[PDB]
């Protein structure tokens, strides 16, 4: 669920609150449109697509589906106790939290003007 995805970000980017990703670029944070401003934003577009697939599973609400994971000294792991939905969702979040850790944070891309830069 949404809350768990915050802990994954906490697990791979311990120096950053999850609020720095809440509204960054044209994708990180709700909705999403236009061309990704950078690498970090591209991680979030991918994450959205991922969620969009995970929703094809019957009755699968990514944002609420509580899954089974483990964060060990930096290493994220989706255990096998998850159902097709939870299993998918967990993977969408894991690959996203690692993608953020890999990308560089452009402070000038935090809370940009959506209208001007994302149509």
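Positions refer to the first chain, counted from 1.
Comparing 2-10 with 110-118, the stretch with the higher mean C-alpha B-factor in the PDB entry is 110-118. With 94-102 and 12-20 compared on mean CA B-factor from the PDB entry, the stretch scoring higher is 12-20. The PDB entry assigns the greatest CA B-factor among 63, 30, 56, 42 to 30.
Within the selection 78, 46, 89, 37, the deposited Cα B-factor values reach their highest point at 37.
Among all modelled residues in its chain, residue 71 ranks in the middle third by Cα B-factor.
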